[PDB]
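Peer 1: Let me give you the structure first, and then I'll get to my questions.
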Amino acid sequence: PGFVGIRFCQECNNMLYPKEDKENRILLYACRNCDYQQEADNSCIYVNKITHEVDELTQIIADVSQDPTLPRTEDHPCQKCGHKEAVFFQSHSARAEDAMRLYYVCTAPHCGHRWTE
Amino acid sequence: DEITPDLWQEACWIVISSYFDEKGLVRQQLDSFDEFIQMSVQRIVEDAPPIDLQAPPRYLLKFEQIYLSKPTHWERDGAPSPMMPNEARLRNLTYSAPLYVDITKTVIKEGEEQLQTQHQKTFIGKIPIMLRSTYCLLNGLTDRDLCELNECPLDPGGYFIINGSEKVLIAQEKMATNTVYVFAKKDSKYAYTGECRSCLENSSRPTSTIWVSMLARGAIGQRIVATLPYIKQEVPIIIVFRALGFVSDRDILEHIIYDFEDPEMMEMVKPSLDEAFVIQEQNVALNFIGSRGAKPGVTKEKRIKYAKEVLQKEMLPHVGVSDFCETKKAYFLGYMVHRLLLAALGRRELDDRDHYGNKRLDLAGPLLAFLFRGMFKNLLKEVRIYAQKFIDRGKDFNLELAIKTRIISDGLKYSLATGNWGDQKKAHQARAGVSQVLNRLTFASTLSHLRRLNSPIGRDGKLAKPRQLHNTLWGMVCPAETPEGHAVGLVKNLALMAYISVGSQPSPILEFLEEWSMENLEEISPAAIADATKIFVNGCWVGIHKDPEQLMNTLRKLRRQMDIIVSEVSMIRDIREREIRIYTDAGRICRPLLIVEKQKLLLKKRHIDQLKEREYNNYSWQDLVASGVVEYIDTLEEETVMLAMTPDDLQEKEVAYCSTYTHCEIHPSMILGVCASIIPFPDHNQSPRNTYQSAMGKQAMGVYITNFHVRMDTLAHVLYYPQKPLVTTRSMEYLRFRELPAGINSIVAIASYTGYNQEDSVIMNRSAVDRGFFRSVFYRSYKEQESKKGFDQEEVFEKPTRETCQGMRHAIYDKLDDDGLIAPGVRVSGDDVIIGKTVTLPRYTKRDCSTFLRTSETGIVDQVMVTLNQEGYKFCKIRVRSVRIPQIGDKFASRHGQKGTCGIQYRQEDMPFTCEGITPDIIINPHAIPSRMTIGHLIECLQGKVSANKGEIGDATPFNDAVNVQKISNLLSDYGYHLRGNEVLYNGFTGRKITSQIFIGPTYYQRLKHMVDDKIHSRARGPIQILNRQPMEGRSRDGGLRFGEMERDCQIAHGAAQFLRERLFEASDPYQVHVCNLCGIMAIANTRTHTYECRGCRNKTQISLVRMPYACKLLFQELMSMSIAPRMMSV
Amino acid sequence: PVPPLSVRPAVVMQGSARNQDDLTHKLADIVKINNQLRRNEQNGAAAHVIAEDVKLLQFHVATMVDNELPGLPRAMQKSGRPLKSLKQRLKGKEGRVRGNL
Amino acid sequence: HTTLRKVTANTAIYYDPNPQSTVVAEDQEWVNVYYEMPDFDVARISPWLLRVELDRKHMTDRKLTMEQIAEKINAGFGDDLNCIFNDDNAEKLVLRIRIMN
Ligand SMILES: [Zn+2]
Ligand SMILES: [Zn+2]
Ligand SMILES: [Zn+2]
């Protein structure tokens, strides 16, 4: 499914709101400030992930490998670069109950690969 | 090169000693005051606007320079003389220096007829001076010079003398400013709230708090609002953004959402956009803001102007208050919204209110600056009125007469004298407890009072969260020293190496960031903020950077080289969120730490070598800091630091814990404060015991100060024979406990002997007490002055006479001299007269107003001092001396929370004795140990036995693996004693051996201020209060004890109705009234003529006598005052 | 009803200056504004002037029997301390009922 | 107590103009298996669809089935809110709502 992003008008740079064209029976995205209209390409207007199945690997950034206060391990080598050392840490993010899961990051500079066991 | 472990315990303590040679214990007070005088006063004077006044001629009156001379005093003749602090203490003067300001008045009328007249050094006020500060006459003086001036060289200073009273400013905690803090209140309409107490760099107004909240779920989604200042209605964030000139939704989300690949943030901001679509232009948004405000202008023009002024001045002043700053303010408000969304999306943690990285300590300097801003503003106002009333007449005026200097002088003096921190008129809005009377009971109490912090949460509050010992207090606040009463956790104390930052300007840092590859916030495009790292300086988002790591490396190198970045500047890199926050402002508590290389200290052996010869090569602490070997780390930068508790942690281990440390503790024992640093083996006690000792070291007797012979303190206790502890910690070398100790090493036996030490009591040796054991002298000072306020009535010191004086007690006045003052060396008993003062009447033409002794004292007059007070009438101080020999009921304590009163005193033949005839000085009960778990008491006793038998001083420093109980026992077994400190004792009464071998040895005991003779009190028909005819309150008033509500309830449960009536009616306030039997209202009785009548009912026969408490009669009359008719109906 | 002198004793200080009770100062204000209103009704005064005088008299009486009225300003005295009205004299702890009876 | 959120995995609104050719590809089987016979007023159909995805774990933890859920929806909102659903056999527990007019 995936989320749906906001899209803005091409004239007033205000957000385009959803609207339906009965004549063609087709979804349109129209600005309620100017008189711009656009043919939608997703057909989906709203998405709620109640389960919150978020891949926290996307929230991690490689720069965290520079943190002296994070633990490092030599037991989980990097699959992308083969570096031995890697920092690991827990989710520590709200809305995540099973947050004892460990996320690893490669400490090699300019690799910054992140993964999970 | 490397310091090996075997040398480490020396090296670290050498380093610590260097610190205390450089800084001291009251460095925060002195540095705060010095910054206030050097910088804050000048900034406050210059930041005031020039007062332009005109009817025509006009005058600006610009203040340009300040001059603070040394402290001086002006006599009645007016001769300025340098005033010494001891003279201020004795004469009840205020140790203040005059502040002169240069004023420039230029006349501008017309025709370019301009001429400037400059008044150099216009006396603008008097500022009280902190002792031992740069502007103190005791500055830079040697110990010989201080002793020549009758000053103690060990006196730390750090306090003011206002009217002879030593006042100490307590550091006040407050939430840090210019920082966004996202909290979540459980019981509120908002789910999340992001607040920012914003305040411009150079303070001129209070903190303007801005909130950016999210409405709790349950229209369609979660709406973001903004509670702007001076506006009593929530305002949508989009409206605020449009009012700042950002009308397009794309621009607003460019400022709020920096990563457009994230639809979660987008949908969570979408409700706010959907709620603000009808408003789409800047003027309409400003009109909406003005309309939602509490002063809605009928015309939209003034509404828009008011909204403009609010959004330019009151909204986020720290971002900038000038015009054209809307871009910076928009970026910052978008950052606030971003932080709120990150909290609501769970991507960031809510901020902790208790984190000391989020707090600031308002010290003497920044507090006096708040006072000085208010007082200088009031002064400029008064000058404006005075000059206006003259130029309205079209003539010149004298600014010297316009400047009524009493504003600044009396304001600072009043505020420091009372503690009510604020204007004297706003005596209830003002916050008390600042500026307390310095505690001079013992040197530890003085040091701790000078290192005292205060959390103004309010003692009434019963939420334990602010009282809890937060994790972040480590190294900054003593974990132990805190009052155990109603202010647990609120009143705190600095740790020994804790330094509160004094403040610095961010200008050099910002300039270097400009020269460095940082990009300003107005020059960037928002698309760059995604991957870039934000840079905040004192809360202001100033720009962004691309490689934060090597930026942090550069900045840390700069701070460690004492380059443009000064040592107290905090530089935190948050990595997961890409902020780099730099702080230079004041109030940041920090502590020094040893920097660590790859896995090594930078403190090599050469630094220890140069520190050992500190007194020859002038290699000091500052050279250690300048070498890049030591660093001050604040609470907020500790979050990014990986500490080593000892260099042993830097060793490569079979399983490495960290292997990437960045700093090291100089010594862990520096987490303790002044009073906890006296506890020996505090890590072998239960922590409440350490807290109780930290409180009780402050009531311990000793020698509170070396120059006690010249001080006329109201109360002072000096111990005859203070001793340094046989078992000491390495921190007391800097507390000067060895030079001014507060106890005696007592041979204490923990035993059950006769039962007179049960339940926290002690048996003392009467023979030891006869030899001066724990004997003290109590000095009490009485002050008096003869006031010639007016010719109507004048007081005068003179030996009263029975024929002229009226209110002359039956006590004899023969001890007085013809001057009316008793002489030193005269033995004075209770109720005796020490000053004969008589006041002229309007037993004729003069009444007796003599000063008696505080009753039941029985001392000897130590000395009498006569001088003139500020206004200049005769002023007397009499110090009376009373020897306090310890007795049954006097409170004693060890350094482990083991307090108790003397149960009984036995002579040396009555006490138990060892085979070599050693009797204990004190016997304490074994039952005081097990529940309390004060094993430090036992280890100190054993170590003290070893120390006394070996001829050394035991090392009881808290965390010392080179000293454990087995080593001490092995040492003690070498001196012919049982290795565990037990001995066979013999019964003193019978001489038989005691079956159980007793644990006996030297322990450092303290005699506490709480002597029974100052507490014993009795009453039998004494004086009564005026309003309700009940016994007075207090020993000093010869008052009665309160039979309270709980006593009433207890006696009701007992069923003792006559005893209850005796206590609540007959022993307190018996009274009689006459009541009308018809209306039940108190009648008029005339018992001499026997005529009783009720004016109400117009009867004089149906009156009844009623025996009621006087308080009940007073209650009924105060109800009749309220139009209530309490009718006592006797039928 | 103005209470007797026992309810509001004039305590003499160390000298001859007789300090009056808070109730006495408040009654002084009440008598001042009462006389002022009496003359303003008897002699020339505007209706709004009499209204302001009546409002101030109301404020004085209310703050005599109860000083902590929400919103209204507290009845002040020298040194900037609010006066102790009859209600605070017996409101709670350390009042007449709990503190003296 | 169990609300639809406690057992729901994720909700979404689509613009499906004709249910015969749905926007999603994996929901084309059961939608046509439902639509080949007229069960409701197809004319009174709105192109706005509301697809909710359940999760097998919470469905099983409460012994709940799409039948009970659909009955509860059609009871709370009557016939004004049409709901359809597949069997409890597919790998994804999904049910589709539309608004009736
Ligand atoms: Zn548009
Ligand atoms: Zn890698
Ligand atoms: Zn009557």
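Following the order of the structure tokens, chains are lettered A, B, ..., residues in each are numbered from 1, and ligands are numbered from 1.
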Collect all residues with atoms no farther than 6 Å from ligand 1, counting only C-alpha atoms and all ligand atoms, and output them as JSON, numbers by chain.
Peer 2: {"A": [9, 11, 12, 13, 14, 31, 33, 34, 36]}
Peer 1: Enumerate as number ranges by chain the residues belonging to chain A that approach chain D to within 12 Å, with only C-alpha atoms taken into account.
Peer 2: A: 1-4, 18-29, 40-53
Peer 1: For N, CA and C atoms, I'd like the residues from the last selection saved as a short mmCIF file (atom, residue, chain, number, x, y, z; two decimals), in the first residue's frame.
Peer 2:
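Final output, part.cif:
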data_model
loop_
_atom_site.label_atom_id
_atom_site.label_comp_id
_atom_site.auth_asym_id
_atom_site.auth_seq_id
_atom_site.Cartn_x
_atom_site.Cartn_y
_atom_site.Cartn_z
N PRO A 1 0.81 -1.22 0.00
CA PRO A 1 0.00 0.00 0.00
C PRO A 1 0.84 1.27 0.00
N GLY A 2 1.64 1.46 1.05
CA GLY A 2 2.50 2.62 1.15
C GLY A 2 1.74 3.91 1.43
N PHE A 3 2.41 4.87 2.05
CA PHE A 3 1.80 6.15 2.36
C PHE A 3 1.55 6.96 1.08
N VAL A 4 0.85 8.07 1.25
CA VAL A 4 0.59 9.03 0.19
C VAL A 4 1.13 10.39 0.62
N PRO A 18 -7.89 16.44 -2.70
CA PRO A 18 -8.53 15.47 -3.59
C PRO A 18 -9.92 15.90 -4.01
N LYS A 19 -10.28 15.52 -5.23
CA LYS A 19 -11.59 15.83 -5.80
C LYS A 19 -11.91 14.77 -6.83
N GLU A 20 -13.20 14.58 -7.09
CA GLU A 20 -13.67 13.58 -8.04
C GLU A 20 -14.42 14.25 -9.19
N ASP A 21 -14.07 13.86 -10.41
CA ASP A 21 -14.72 14.35 -11.62
C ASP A 21 -15.75 13.33 -12.05
N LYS A 22 -17.03 13.67 -11.86
CA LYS A 22 -18.12 12.79 -12.27
C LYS A 22 -18.17 12.61 -13.78
N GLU A 23 -17.79 13.64 -14.53
CA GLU A 23 -17.94 13.59 -15.99
C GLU A 23 -17.15 12.43 -16.57
N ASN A 24 -15.88 12.32 -16.20
CA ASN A 24 -15.04 11.19 -16.57
C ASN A 24 -14.98 10.10 -15.52
N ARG A 25 -15.58 10.32 -14.35
CA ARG A 25 -15.50 9.38 -13.24
C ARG A 25 -14.04 9.07 -12.90
N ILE A 26 -13.29 10.14 -12.59
CA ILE A 26 -11.85 10.01 -12.41
C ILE A 26 -11.38 10.91 -11.27
N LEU A 27 -10.35 10.45 -10.57
CA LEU A 27 -9.76 11.21 -9.48
C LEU A 27 -8.94 12.38 -10.02
N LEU A 28 -9.08 13.53 -9.36
CA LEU A 28 -8.31 14.73 -9.66
C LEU A 28 -7.76 15.29 -8.36
N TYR A 29 -6.66 16.03 -8.48
CA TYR A 29 -6.07 16.77 -7.37
C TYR A 29 -6.13 18.24 -7.74
N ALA A 40 -4.51 12.46 -11.02
CA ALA A 40 -3.80 11.64 -10.05
C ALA A 40 -3.19 10.42 -10.73
N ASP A 41 -2.16 9.86 -10.09
CA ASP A 41 -1.45 8.70 -10.59
C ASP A 41 -1.38 7.55 -9.60
N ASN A 42 -1.77 7.75 -8.35
CA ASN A 42 -1.79 6.71 -7.33
C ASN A 42 -3.15 6.11 -7.08
N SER A 43 -4.21 6.91 -7.17
CA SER A 43 -5.60 6.55 -6.91
C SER A 43 -5.90 6.33 -5.43
N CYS A 44 -4.91 6.43 -4.54
CA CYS A 44 -5.09 6.27 -3.11
C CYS A 44 -4.95 7.62 -2.43
N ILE A 45 -5.89 7.94 -1.54
CA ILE A 45 -5.98 9.27 -0.95
C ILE A 45 -5.52 9.31 0.50
N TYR A 46 -5.57 8.19 1.22
CA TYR A 46 -5.25 8.19 2.63
C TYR A 46 -4.79 6.79 3.01
N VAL A 47 -3.82 6.72 3.91
CA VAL A 47 -3.29 5.45 4.37
C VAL A 47 -2.93 5.57 5.85
N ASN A 48 -3.50 4.69 6.67
CA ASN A 48 -3.22 4.65 8.10
C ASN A 48 -2.62 3.28 8.42
N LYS A 49 -1.38 3.27 8.91
CA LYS A 49 -0.72 2.05 9.35
C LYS A 49 -0.93 1.94 10.85
N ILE A 50 -2.06 1.33 11.24
CA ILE A 50 -2.35 1.15 12.66
C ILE A 50 -1.32 0.24 13.30
N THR A 51 -0.92 -0.82 12.59
CA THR A 51 0.10 -1.72 13.11
C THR A 51 1.44 -1.03 13.29
N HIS A 52 1.69 0.06 12.55
CA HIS A 52 2.94 0.81 12.65
C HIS A 52 4.13 -0.09 12.33
N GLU A 53 4.01 -0.85 11.24
CA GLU A 53 5.08 -1.73 10.78
C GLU A 53 6.13 -0.90 10.04
#
Peer 1: So the first atom is atom CA of residue 770 of chain B and the second is atom CA of residue 889 of chain B; what is the distance between them in Å, to one decimal place?
Peer 2: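 These atoms are spaced 16.8 Å apart.
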Peer 1: Going by DSSP on the backbone, which residues of segment 538-639 of chain B come out as strand (DSSP E or B)? List them as a list in words.
Peer 2: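 Put together, the selection reads residues 540, 541, 542, 543, 544, 545, 570, 571, 572, 573, 580, 581, 582, 583, 589, 590, 591, 592, 593, 594, 595, 596, 601, 630, 631, 632, 633 and 634 of chain B.
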Peer 1: Residues of the last selection are to be written out with C-alpha atoms, as a tab-separated table (two decimals), in the first residue's frame.
Peer 2:
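File produced: result-v5.tsv:
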chain	number	residue	atom	x	y	z
B	540	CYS	CA	19.80	30.25	18.18
B	541	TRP	CA	19.90	28.18	14.98
B	542	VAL	CA	22.64	30.11	13.17
B	543	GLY	CA	23.40	27.84	10.25
B	544	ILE	CA	24.12	24.38	8.90
B	545	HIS	CA	27.20	22.28	8.16
B	570	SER	CA	29.93	23.54	25.98
B	571	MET	CA	29.83	21.92	22.55
B	572	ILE	CA	27.43	18.98	22.24
B	573	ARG	CA	27.14	16.98	19.04
B	580	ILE	CA	25.43	20.67	17.11
B	581	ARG	CA	24.54	22.81	20.13
B	582	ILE	CA	27.15	25.26	21.43
B	583	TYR	CA	26.56	27.04	24.74
B	589	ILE	CA	27.26	23.57	35.95
B	590	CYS	CA	30.28	21.63	34.67
B	591	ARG	CA	33.26	19.75	36.08
B	592	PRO	CA	36.85	19.07	35.01
B	593	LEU	CA	37.84	15.74	33.50
B	594	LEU	CA	40.98	14.17	32.08
B	595	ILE	CA	40.88	13.87	28.30
B	596	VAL	CA	41.72	10.44	26.87
B	601	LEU	CA	45.39	9.69	29.21
B	630	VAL	CA	41.95	18.67	31.23
B	631	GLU	CA	38.54	19.79	30.00
B	632	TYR	CA	35.45	21.22	31.65
B	633	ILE	CA	32.44	19.14	30.62
B	634	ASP	CA	28.91	20.29	31.41
Peer 1: Using only C-alpha atoms, which residues sit within 10 Å of residue 78 of chain A once same-chain residues fewer than 4 positions away are excluded, as a ChimeraX atom specification?
Peer 2: /A:74,82-86,104-108,111-115
Peer 1: Using only C-alpha atoms, determine which residues lie at most 9 Å from residue 882 of chain B, disregarding the query and same-chain residues fewer than 6 positions distant; provide the list as JSON, numbers by chain.
Peer 2: {"B": [776, 777, 778, 779, 780, 857, 858, 859, 860, 861, 862]}
Peer 1: Could you write out the selected residues, including N, CA and C atoms, as a PDB file, in the first residue's frame?
Peer 2:
ATOM      1  N   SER B 776      33.211  23.509  75.444  1.00  0.00           N
ATOM      2  CA  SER B 776      33.108  24.597  74.491  1.00  0.00           C
ATOM      3  C   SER B 776      32.844  25.891  75.241  1.00  0.00           C
ATOM      4  N   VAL B 777      32.967  26.992  74.514  1.00  0.00           N
ATOM      5  CA  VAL B 777      32.606  28.315  74.987  1.00  0.00           C
ATOM      6  C   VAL B 777      31.554  28.867  74.039  1.00  0.00           C
ATOM      7  N   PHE B 778      30.514  29.447  74.616  1.00  0.00           N
ATOM      8  CA  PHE B 778      29.376  29.997  73.906  1.00  0.00           C
ATOM      9  C   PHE B 778      29.439  31.509  74.045  1.00  0.00           C
ATOM     10  N   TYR B 779      29.553  32.195  72.916  1.00  0.00           N
ATOM     11  CA  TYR B 779      29.620  33.641  72.859  1.00  0.00           C
ATOM     12  C   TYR B 779      28.293  34.157  72.343  1.00  0.00           C
ATOM     13  N   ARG B 780      27.702  35.089  73.082  1.00  0.00           N
ATOM     14  CA  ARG B 780      26.438  35.709  72.715  1.00  0.00           C
ATOM     15  C   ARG B 780      26.641  37.210  72.677  1.00  0.00           C
ATOM     16  N   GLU B 857      21.110  32.306  81.418  1.00  0.00           N
ATOM     17  CA  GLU B 857      22.342  32.118  80.657  1.00  0.00           C
ATOM     18  C   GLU B 857      23.550  31.966  81.569  1.00  0.00           C
ATOM     19  N   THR B 858      23.814  32.937  82.443  1.00  0.00           N
ATOM     20  CA  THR B 858      24.891  32.856  83.430  1.00  0.00           C
ATOM     21  C   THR B 858      26.257  32.714  82.752  1.00  0.00           C
ATOM     22  N   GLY B 859      26.647  33.791  82.072  1.00  0.00           N
ATOM     23  CA  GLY B 859      27.962  33.916  81.495  1.00  0.00           C
ATOM     24  C   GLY B 859      28.790  35.006  82.151  1.00  0.00           C
ATOM     25  N   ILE B 860      29.903  35.326  81.499  1.00  0.00           N
ATOM     26  CA  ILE B 860      30.776  36.427  81.884  1.00  0.00           C
ATOM     27  C   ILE B 860      30.925  37.328  80.671  1.00  0.00           C
ATOM     28  N   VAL B 861      30.952  38.638  80.903  1.00  0.00           N
ATOM     29  CA  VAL B 861      31.070  39.577  79.797  1.00  0.00           C
ATOM     30  C   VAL B 861      32.445  39.412  79.166  1.00  0.00           C
ATOM     31  N   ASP B 862      32.466  39.023  77.892  1.00  0.00           N
ATOM     32  CA  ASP B 862      33.730  38.798  77.205  1.00  0.00           C
ATOM     33  C   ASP B 862      34.353  40.119  76.783  1.00  0.00           C
TER      34      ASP B 862
END
Peer 1: If the limit is 9 Å from any atom of ligand 3, counting only C-alpha atoms and all ligand atoms, which residues qualify? Return them as a ChimeraX atom specification.
Peer 2: /B:1075-1083,1093-1100,1102-1103
Peer 1: Write the residues of the selection above to a file with N, CA, C and O atoms, as a JSON list (two decimals), in the first residue's frame.
Peer 2:
[["chain", "number", "residue", "atom", "x", "y", "z"],
["B", 1075, "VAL", "N", -24.12, 37.59, 79.86],
["B", 1075, "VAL", "CA", -24.96, 37.36, 78.70],
["B", 1075, "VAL", "C", -26.38, 37.72, 79.07],
["B", 1075, "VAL", "O", -26.84, 37.47, 80.19],
["B", 1076, "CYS", "N", -27.08, 38.32, 78.11],
["B", 1076, "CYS", "CA", -28.50, 38.58, 78.28],
["B", 1076, "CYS", "C", -29.26, 37.28, 78.06],
["B", 1076, "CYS", "O", -29.10, 36.62, 77.03],
["B", 1077, "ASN", "N", -30.10, 36.91, 79.03],
["B", 1077, "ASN", "CA", -30.88, 35.70, 78.91],
["B", 1077, "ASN", "C", -31.90, 35.76, 77.78],
["B", 1077, "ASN", "O", -32.43, 34.72, 77.39],
["B", 1078, "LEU", "N", -32.19, 36.95, 77.25],
["B", 1078, "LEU", "CA", -33.19, 37.09, 76.19],
["B", 1078, "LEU", "C", -32.55, 36.99, 74.81],
["B", 1078, "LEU", "O", -32.94, 36.12, 74.01],
["B", 1079, "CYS", "N", -31.58, 37.85, 74.51],
["B", 1079, "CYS", "CA", -30.94, 37.88, 73.20],
["B", 1079, "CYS", "C", -29.64, 37.09, 73.15],
["B", 1079, "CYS", "O", -29.09, 36.92, 72.05],
["B", 1080, "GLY", "N", -29.13, 36.62, 74.28],
["B", 1080, "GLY", "CA", -27.93, 35.81, 74.26],
["B", 1080, "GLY", "C", -26.67, 36.52, 73.83],
["B", 1080, "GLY", "O", -25.68, 35.85, 73.53],
["B", 1081, "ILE", "N", -26.67, 37.85, 73.80],
["B", 1081, "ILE", "CA", -25.51, 38.63, 73.41],
["B", 1081, "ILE", "C", -24.84, 39.17, 74.67],
["B", 1081, "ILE", "O", -25.50, 39.43, 75.68],
["B", 1082, "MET", "N", -23.52, 39.32, 74.61],
["B", 1082, "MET", "CA", -22.77, 39.74, 75.79],
["B", 1082, "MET", "C", -23.24, 41.11, 76.26],
["B", 1082, "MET", "O", -23.27, 42.08, 75.49],
["B", 1083, "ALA", "N", -23.63, 41.18, 77.53],
["B", 1083, "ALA", "CA", -24.20, 42.37, 78.12],
["B", 1083, "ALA", "C", -23.10, 43.27, 78.68],
["B", 1083, "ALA", "O", -21.91, 42.99, 78.56],
["B", 1093, "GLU", "N", -26.79, 45.38, 82.45],
["B", 1093, "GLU", "CA", -27.88, 45.71, 81.54],
["B", 1093, "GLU", "C", -27.48, 45.41, 80.11],
["B", 1093, "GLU", "O", -26.32, 45.58, 79.71],
["B", 1094, "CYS", "N", -28.47, 44.97, 79.33],
["B", 1094, "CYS", "CA", -28.32, 44.75, 77.90],
["B", 1094, "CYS", "C", -28.94, 45.93, 77.17],
["B", 1094, "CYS", "O", -30.14, 46.17, 77.28],
["B", 1095, "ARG", "N", -28.11, 46.68, 76.44],
["B", 1095, "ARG", "CA", -28.63, 47.81, 75.67],
["B", 1095, "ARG", "C", -29.60, 47.34, 74.60],
["B", 1095, "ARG", "O", -30.54, 48.06, 74.25],
["B", 1096, "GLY", "N", -29.37, 46.15, 74.04],
["B", 1096, "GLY", "CA", -30.27, 45.61, 73.04],
["B", 1096, "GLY", "C", -31.68, 45.42, 73.55],
["B", 1096, "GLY", "O", -32.63, 46.01, 73.03],
["B", 1097, "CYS", "N", -31.83, 44.58, 74.58],
["B", 1097, "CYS", "CA", -33.15, 44.25, 75.11],
["B", 1097, "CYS", "C", -33.69, 45.29, 76.09],
["B", 1097, "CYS", "O", -34.87, 45.21, 76.45],
["B", 1098, "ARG", "N", -32.87, 46.24, 76.52],
["B", 1098, "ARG", "CA", -33.28, 47.25, 77.49],
["B", 1098, "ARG", "C", -33.77, 46.61, 78.79],
["B", 1098, "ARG", "O", -34.73, 47.07, 79.41],
["B", 1099, "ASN", "N", -33.10, 45.53, 79.20],
["B", 1099, "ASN", "CA", -33.35, 44.89, 80.48],
["B", 1099, "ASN", "C", -32.09, 44.96, 81.33],
["B", 1099, "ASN", "O", -30.97, 45.07, 80.81],
["B", 1100, "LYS", "N", -32.28, 44.90, 82.65],
["B", 1100, "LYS", "CA", -31.16, 44.92, 83.57],
["B", 1100, "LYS", "C", -31.33, 43.93, 84.72],
["B", 1100, "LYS", "O", -30.72, 44.12, 85.78],
["B", 1102, "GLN", "N", -32.34, 40.20, 83.87],
["B", 1102, "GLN", "CA", -32.14, 38.86, 83.33],
["B", 1102, "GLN", "C", -30.79, 38.75, 82.63],
["B", 1102, "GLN", "O", -30.70, 38.55, 81.42],
["B", 1103, "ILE", "N", -29.73, 38.91, 83.42],
["B", 1103, "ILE", "CA", -28.36, 38.74, 82.95],
["B", 1103, "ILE", "C", -27.76, 37.56, 83.70],
["B", 1103, "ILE", "O", -28.07, 37.32, 84.87]]
Peer 1: Quick one: pick out all helix (DSSP H, G or I) residues within segment 15-51 of chain D from a backbone DSSP run and write them as a ChimeraX atom specification.
Peer 2: /D:28-35,42-44
Peer 1: Under the rule of at most 9 Å, produce a per-residue listing of chain A near chain B: chain, number, name, the closest pair of atoms, and the distance in Å, as CSV, using only C-alpha atoms.
Peer 2:
residue,atom,partner,partner_atom,distance
A:3,CA,B:263,CA,6.3
A:4,CA,B:263,CA,6.4
A:5,CA,B:263,CA,5.1
A:6,CA,B:266,CA,6.7
A:8,CA,B:250,CA,6.9
A:12,CA,B:248,CA,6.7
A:13,CA,B:250,CA,5.6
A:14,CA,B:249,CA,4.8
A:15,CA,B:249,CA,6.3
A:32,CA,B:277,CA,8.3
A:33,CA,B:277,CA,8.0
A:46,CA,B:267,CA,9.0
A:59,CA,B:347,CA,8.1
A:60,CA,B:576,CA,7.5
A:61,CA,B:576,CA,6.8
A:62,CA,B:576,CA,8.9
A:63,CA,B:575,CA,6.5
A:64,CA,B:575,CA,5.7
A:65,CA,B:575,CA,8.9
A:66,CA,B:575,CA,7.9
A:67,CA,B:575,CA,7.1
A:68,CA,B:660,CA,5.7
A:69,CA,B:642,CA,5.3
A:70,CA,B:658,CA,8.3
A:71,CA,B:658,CA,6.5
A:72,CA,B:658,CA,7.5
A:92,CA,B:349,CA,8.4
A:93,CA,B:346,CA,5.8
A:94,CA,B:346,CA,4.7
A:95,CA,B:346,CA,6.6
A:96,CA,B:346,CA,8.9
Peer 1: Compile the contact shell of residue 36 of chain C as number ranges by chain: residues with an atom at most 10 Å away, counting only C-alpha atoms, same-chain residues fewer than 4 positions apart removed.
Peer 2: C: 30-32, 40-42, 50, 53-54, 57
Peer 1: Excluding same-chain residues fewer than 5 positions from residue 88 of chain C, what lies within 9 Å of it counting only C-alpha atoms, as a VMD selection string?
Peer 2: chain C and resid 65 to 68 95
Peer 1: Can you tell me, as an MDAnalysis selection string, what residues are no more than 12 Å from segment 10-20 of chain C when counting only C-alpha atoms, ignoring any on the same chain fewer than 4 positions away?
Peer 2: (chainID B and resid 786:789 792:795 807 838:842 846:851 1025:1027) or (chainID C and resid 4:6 24:28 77:78 83)
Peer 1: Output as a PyMOL selection string the set of chain B residues within 9 Å of chain C, with distances taken over only C-alpha atoms.
Peer 2: chain B and resi 424-428+793+839+841+849+1026-1028+1030+1044-1045+1064-1065+1109+1111-1112+1114-1115+1117-1123
Peer 1: With distances taken over only C-alpha atoms and all ligand atoms, which residue among A:79, A:38, A:103, A:55 lies nearest ligand 2?
Peer 2: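 Among the listed residues, A:79 lies closest to ligand 2.
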